[PDB]
Structures are given as structure tokens and as C-alpha cells.
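Below you'll find the structure, written out as C-alpha cells, and then a few comments.
Using ideal geometry, Cβ is built from the backbone for each residue, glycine included, and neighbour counts are taken over all protein chains shown. Since every read-out is calculated from the coordinates, none of them should be taken as a lab result.
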Amino acid sequence: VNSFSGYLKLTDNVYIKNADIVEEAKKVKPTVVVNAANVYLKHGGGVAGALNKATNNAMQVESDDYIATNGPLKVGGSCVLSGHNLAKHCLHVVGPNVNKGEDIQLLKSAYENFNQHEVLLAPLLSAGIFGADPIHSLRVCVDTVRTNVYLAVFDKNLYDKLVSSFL
Ligand SMILES: CC1(C)CN(c2ncnc3[nH]c4ccccc4c23)C[C@@H](CC(=O)O)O1
């Protein structure tokens, strides 16, 4: 039993809710919140900008030190950093950004990072400003992630479309 509330069950291990991931993280304080990161961990907008804003820019300060030490992530890769006031840990995952021309096949590699964590609160990777089709992202999630994932979808219209079209 866990503290996630109000989710629709899609499969054995995937759950979905119309929610603001920042507010959901603030209430649940999950072990892991996933950020929709880029390779530079520049958290300017979308999910990343909102998560970083909620940490009062502490996420960005920590991320800048990470990059200065380690260099950029790979598209499809991830790193574990602090969850600050939102979660124990933040798993920064880089899905391909279609608006930069990155290969959508890398979306499966991106979701594979979730399998290193037993339970996660997450957005749909490569959705929103990353330019991928969220219905496709949900399909890849369900077919790739085997651990327990709680997906927060900010847009109510999109949430209803994802549910109604789910196979
Ligand atoms: C993850 C998606 C697919 C969907 N959107 C969200 N996802 C998770 N929580 C969210 N709360 C919100 C509040 C207001 C507007 C959007 C959201 C939102 C953001 C979009 C931008 C991005 O690319 O990050 O991507």
C-alpha cells in the first residue's frame, strides 16, 4: 500500500491522474519524482521549470554543480539528484526532444531508467514542450516500465484523451 490517491489503474504497474506534478509531489513526498530534463539540466520551462521553481532554484544550483563535474547527460539517460522539498530523490530523465530533431526510438531508452526505482511519480516523457505525441509516450511507458509508475498529466483535456484512447 502507498499514499498515491485518485489514480486510474491502466495496467498491473501503471497508474494515471490529472494532476500538477508539483502539487502531487508536495503532497505525497514520494521517494522519487521524475523530471523531464534536458542534457544540460537547464530547467527553464515545462515540467522542469515548474519543478525547479517549486524548489526556489535549489534544483538548478545543484544541477549546475553536477554538470560542471560530470558534463552533460545523454539523450535517453538520467541521473539521480536531490528531490529537495518535493521528494527524497529527483530522477532527471532526458527524453528525446522532437523540436531539436532527436530520435524518438530513444524514448524507450529514457523510460528504461524508471526500472531502477521500485515506485516513481512521473510525467509522460517527451510530452509537452518536448514535442512528442503523448499517446505514443504512454504506450512506450506501459510497454517498457515494469516498476510502479504514477503518471501525472497536467492538462485535463489531454488526460481524458489518453484514458479514452488507451488500449
Ligand atoms: C508532462 C507534459 C506532457 C504535460 N505537462 C504537465 N505534466 C505534468 N504536470 C504538469 N502540471 C502542469 C501544469 C500546467 C501545465 C502543464 C502541466 C503539467 C507539461 C508538458 C510540458 C513539458 O514538456 O514538460 O509536458
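Quick notes
- Matching residues, the range 14-27, being under 26 Å from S164 (Cβ atoms) and either part of a helix (DSSP H, G or I) or more than 16 Å from the chain's Cα centre (by Cα) (or both): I21, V22, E23, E24
- Residue pairs whose Cβ atoms lie under 6 Å apart, sitting 6 or more positions apart in sequence or on different chains, and linking a residue in the range 41-55 that is under 16 Å from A152 (Cβ atoms) to a partner that is within 10 Å of the ligand (Cβ to nearest atom) and assigned to a helix (DSSP H, G or I), are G46/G128; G46/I129; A50/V22; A54/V22.
- Filter result for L81 (within 13 Å of the ligand (Cβ to nearest atom) and of a type in the set (A, V, I, L, M)): no
- Scope the range 44-56; condition more than 11 Å from the ligand (Cβ to nearest atom) and exposed (fewer than 13 other Cβ atoms within 10 Å of the Cβ); matching residues: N56
- Output for the range 140-156, where each listed residue is part of a helix (DSSP H, G or I) and within 14 Å of the ligand (Cβ to nearest atom): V140, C141, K156
- Count of the range 15-43 residues which are more than 20 Å from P72 (Cβ to Cβ), more than 10 Å from the ligand (Cβ to nearest atom) and surrounded by 21 or more Cβ atoms within 10 Å (Cβ to Cβ): 4
- Checking each residue in the range 80-134 for being in contact (Cβ under 8 Å) with a residue 60 or more places away in the chain, over 24 Å from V1 (Cα atoms) and surrounded by fewer than 22 Cβ atoms within 10 Å (Cβ to Cβ) picks out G128, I129.
- When we screen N97, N115 for residues that are within 14 Å of the ligand (Cβ to nearest atom) and polar (S, T, N, Q), the only hit is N97.
- Filter result for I135 (more than 17 Å from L41 (Cα to Cα), assigned to a loop (DSSP other than H, G, I, E, B), within 16 Å of the ligand (Cβ to nearest atom) and aliphatic (A, V, I, L, M)): no
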